[PDB]
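S.K.: here is the sequence, then the experimental structure:
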Amino acid sequence: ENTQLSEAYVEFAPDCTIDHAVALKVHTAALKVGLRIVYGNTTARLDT
Amino acid sequence: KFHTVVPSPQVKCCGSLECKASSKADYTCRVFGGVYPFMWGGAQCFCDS
Amino acid sequence: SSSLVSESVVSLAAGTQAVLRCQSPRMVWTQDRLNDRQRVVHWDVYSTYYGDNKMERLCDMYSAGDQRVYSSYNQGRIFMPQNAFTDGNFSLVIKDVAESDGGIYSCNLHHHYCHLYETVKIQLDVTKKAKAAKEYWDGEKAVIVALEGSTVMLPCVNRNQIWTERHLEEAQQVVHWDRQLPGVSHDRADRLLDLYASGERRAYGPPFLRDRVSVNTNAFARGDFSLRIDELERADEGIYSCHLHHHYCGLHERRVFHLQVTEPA
Amino acid sequence: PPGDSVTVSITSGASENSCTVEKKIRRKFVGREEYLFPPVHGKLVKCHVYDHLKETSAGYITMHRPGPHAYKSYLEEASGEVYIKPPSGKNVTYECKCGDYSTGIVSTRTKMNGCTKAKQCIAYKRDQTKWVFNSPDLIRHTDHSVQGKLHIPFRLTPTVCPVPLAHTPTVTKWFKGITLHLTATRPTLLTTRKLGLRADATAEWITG
Amino acid sequence: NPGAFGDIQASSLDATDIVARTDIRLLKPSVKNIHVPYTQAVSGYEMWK
Ligand SMILES: *[C@@H]1O[C@H](CO)[C@@H](O)[C@H](O)[C@H]1NC(C)=O
Ligand SMILES: *[C@@H]1O[C@H](CO)[C@@H](O)[C@H](O)[C@H]1NC(C)=O
C-alpha cells in the first residue's frame, strides 16, 4: 500500500569552474596594424 | 650497442673558460655561460652569471 | 624558534593590564590560497630624455602566465626569457634600440601572497654608432650607451628562492608566544599561545592565565599579535617572545618584551 | 596508477571492510607527446592540478537534517502480544496502523499497543541533531528543507608543469619538397600546414 | 650514419681507437641544480636488431 516518489535533476560539476567550454558567435572582423616608418635617418612608430 | 659516457661537467666559477676537443669517439664539447649550479649543499659557487 | 628581529623591555605593576604589542604586516595572510604564489615581473621605462615623457610599461610576465607585450608595435621588439621565473633571470632585450627607446628602464618583481616586491633600474642611452657605445655605472644603476639599430640587453637577475618555484613546503604564517619566566632559558620558555593563519589557536597555563594572557581575535587579518595580560600577577614577569614564521617566504622574525612586574608595599 | 575501479578499505584489527566503485582511470599527460613521467629538463606549460592544501574556494555541497530510521531490536514478539524495549536511556517513537495511525513516545519505557502482529508497529530513535548529506540510501524528513552548506576541499588550480623536449629532427634536401628523418622513442604528435590559401592541414602520431 | 647499423665501428672489440658519429647535441642547462642534458639518436644496432 506504500508508495515512493523519486526525482532527479542535473547541475554542472564543481570542476567546471575551470573546465568550461563557451560558445561564441563572431562577426565583422576588424584588423589593426603596427607600422614602423623611417625617414631621414629618423624612426617613428604608429599603430592604427 | 653503445653507452653514452657523461663525465660530470667542468665548472669554472665567476670567470671564463673555453672548449677543447679530444680524441674520444663522437666527442662533443660545449661551454655555457650564465649558468647557476645548485646542489644539495646549496649554491656551489658565486658570481651573478 | 625565530631569529632576532626586535627586542624590547617593559615594566608594569601587578593588577594592571599589560600590552606586549607584537605585530608584523608581513604576517598578513590571504584567505585565498588559489595559486596565491603568483609572481609578476614587469618592465617600466621612463624616457627622461624626452623632457617629461610619459613612462612606457613595455612588458608584463606572470609566473604560470604569458609574456604579454603591452603595445602591439613593441611585439618582437621587447623580449624577456621564457624561463625567467624558472631560472630567476628577468633581463630585457630590445631587438633594435632607437632614439625612441632611450630612457631609464626599471624591472619590477612583485609577489602577491607575501605582498613583497623588488626592483632595479638600468639606463639605456642611444648613441648613433659604435664609436660611443659602452656600459658604465652611474652610482645607483648600470647605464648602457647602446648601439642604435642593433639589439641591446638590459640585465637584471634576481637570484633568490622567493622568485623560484622549487617546492617550499607551502608554509603559511604561524606565531608562537612563549614566556621565559625568571630563571628559565629562551627557546625552553613555557609556551603561552600558538596561532596560525588558518585561525588555529592554542592556549597554555591555567584557565585564568588563558583569560588574562590572550592575543587579539583577528591577528592574521591585521598582521597583529599583540598580547594582552590582564590583571598582571608578579609571576607573569619574564621575557615574552613572539616567534613569527612563514617558511614559504622565509619570515623568521622574533619580537620580544622583557616584562618585569612589580608590586606595591 | 590507473586501473578499472577505485577501492577504499579499513581494517578494524580483527575485521576488514572495503567498498569499491567502477571507474575508468587512464594515465594522461599534457603536451604533444604522451610520456610516462615528466623529465628533469624541458619546457614549462600550463596545467591544472588539485592543490594539496585543506583550504578551498570552489564547490558548494548541501546538507540537511536526517530522516527517520527503523529497527527490529526495538520490538520483540516472542509472545503473542507485542513487546517494545527501546534502548536504555534513550527516547523512542513507535507507530502502527491497526485501527488507526496510533503513535507513542517512550523514554526508557516499554509501552504497549492493542494490535499484536509483529510486522505492525515500527520504532524510530529520532534525534534530528546532526545534519547529513543527501544520498540515495537515505530518507528525507517530511520538512524537506536545506539547512547548511560545506566546502569541498582540494579544488583545481592552474600551475606550471614540465614537459619534455623531443629530439630535434634532421632536415634534408629535396626540390620543391622536404624529407624529415623523424626520431622519437615515445608517441609524439607532428603537425604542419601550408601558408597559402589552402590550409592543407596535416597531423599525425609517430611512435618510433 | 646515425640510427642505422654500423654506427659504432672499432677495428677490434678491445681497440682503444674508435670512430663513430651518432648525432649527440648538448642542451643548455635550464634547471636550478647541476645537470647536463644530452639528446641523441636511437642506437643503430638496436634498430637493425
Ligand atoms: C640624417 O642625414 C642627414 C643628411 O646628411 C644628416 O645631416 C643628419 O645628421 C642625419 N641624422 C642623423 C641622426 O644621423
Ligand atoms: C524524551 O523527550 C521528552 C520531551 O522533552 C523528555 O521530557 C524526556 O525526558 C525524554 N526522555 C529521555 C529518556 O531523554
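M.R.: Right, received. Where do you want to start? Residues are numbered from 1 along each chain as shown, chains lettered A, B, ... in the order given. Ligands and ions are numbered 1, 2, ... in the order given.
S.K.: so is stretch E:8-18 next to chain B?
M.R.: Yes: contact of stretch E:8-18 with chain B (CB under 8 Å from any CB of the partner chain) involves E:8, E:18. To be clear about C-beta, it is placed using only N, CA and C from the backbone, and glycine gets the same treatment.
S.K.: wait, what's in contact with the residue of chain D found nearest chain A?
M.R.: Minimum separation of chain D from chain A (CB to the nearest CB) falls at residue D:59, amounting to 3.7 Å. Listed by CB atoms under 8 Å, 6 or more residues apart in numbering or on different chains, the contact partners of residue D:59 are A:14, D:151-152, D:155.
S.K.: filter these down to the buried ones.
M.R.: Those of these that meet the buried threshold are A:14, D:155, by 16 or more other CB atoms under 10 Å in any protein chain shown.
S.K.: need the nearest residue in space to whichever residue of chain D sits closest to ligand 2, chain neighbours excluded.
M.R.: Residue nearest to ligand 2 within chain D (CB to the nearest ligand atom): residue D:107, separated by 3.1 Å. Excluding its sequence neighbours, the residue lying closest to residue D:107 (CB to CB, 6 or more residues apart in numbering or on different chains) is residue D:91, at 5.2 Å.
S.K.: parallel or antiparallel, which strands does the helix or strand where residue C:244 lies pair with?
M.R.: Assessed by DSSP states H and E, residue C:244 sits inside strand C:238-246. Neighbouring strands of strand C:238-246 in its sheet, by DSSP bridges, are strand C:174-180 (antiparallel), strand C:251-262 (antiparallel).
S.K.: can you pull the buried residues of the helix or strand just after the shortest one?
M.R.: Read in the C-terminal direction, the helix or strand following strand C:174-180 is strand C:190-196, with elements assigned using DSSP H and E. Burial within strand C:190-196, assessed by neighbour count using 16+ other CB under 10 Å, is assigned to C:192-196.
S.K.: tilt between strand C:190-196 and strand C:174-180?
M.R.: 170 degrees (axes from the mean of the first three to the mean of the last three CA atoms, to 10 degrees).
S.K.: that older thread, deepest in the core, which of the strands paired with strand C:238-246 is it.
M.R.: Comparing the strands paired with strand C:238-246 by mean neighbour count (mean count of other CB atoms under 10 Å in any protein chain shown), strand C:174-180 ranks first with a mean of 23.
S.K.: hmm, who's touching it?
M.R.: So strand C:174-180 is contacted by C:22, C:27, C:186-197, C:213, C:215, C:219, C:225, C:227, C:236, C:238-246 (CB under 8 Å, 6+ apart).
S.K.: tell me how far it lies from the chain's centre.
M.R.: Strand C:174-180 sits 22 Å away from the centroid of its parent chain (CA atoms, centre = their mean, to the nearest Å).
S.K.: so the residue in chain E that ligand 1 sits nearest to, which state does it fall into?
M.R.: In chain E, no residue comes nearer to ligand 1 than residue E:28, which is 38.1 Å away by CB to the nearest ligand atom. What DSSP: H, G, I helix; E, B strand; the rest coil gives for residue E:28 is coil.
S.K.: and the residue of chain D positioned farthest from its centre, what element?
M.R.: Centroid-distance maximum for chain D: residue D:175 at 58.9 Å, with CA atoms, centre = their mean. For residue D:175, there is no helix or strand it lies in under DSSP H and E.
S.K.: was I right about residue C:86 contacting residue D:43?
M.R.: No: Residue C:86 lies out of contact with residue D:43 (CB atoms under 8 Å); the separation is 9.7 Å.
S.K.: these two: who's more crowded?
M.R.: residue C:86 (20 against 14; other CB atoms under 10 Å in any protein chain shown).
S.K.: ok, for the residue most central in space within chain B, nearest residue in space, not its chain neighbours?
M.R.: Centroid-nearest residue in chain B, with CA atoms, centre = their mean: residue B:9, separated by 3.1 Å. Distances taken as CB to CB, 6+ apart put residue E:36 closest to residue B:9, at 5.2 Å, once the chain neighbours are dropped.
S.K.: residues contacting whichever residue of the stretch 1-150 of chain C sits closest to ligand 1?
M.R.: Closest to ligand 1 within the stretch 1-150 of chain C is residue C:128: 5.7 Å, counting by CB to the nearest ligand atom. Residues counted as contacts of residue C:128 (CB under 8 Å, 6+ apart) are residue C:148.
S.K.: ranges for the helices of the chain?
M.R.: You didn't say which chain, so I picked chain A. A:16-19 (DSSP state H).
S.K.: switch to chain C, that's the one I care about
M.R.: C:84-87, C:207-212, C:219-222.
S.K.: from those, which stretch is densest packed?
M.R.: helix C:84-87 (a mean of 21).
S.K.: what's next to it, contact-wise?
M.R.: B:36, C:39, C:41, C:61, C:63, C:67, C:81, C:90, C:163-165, D:44, E:30-32.
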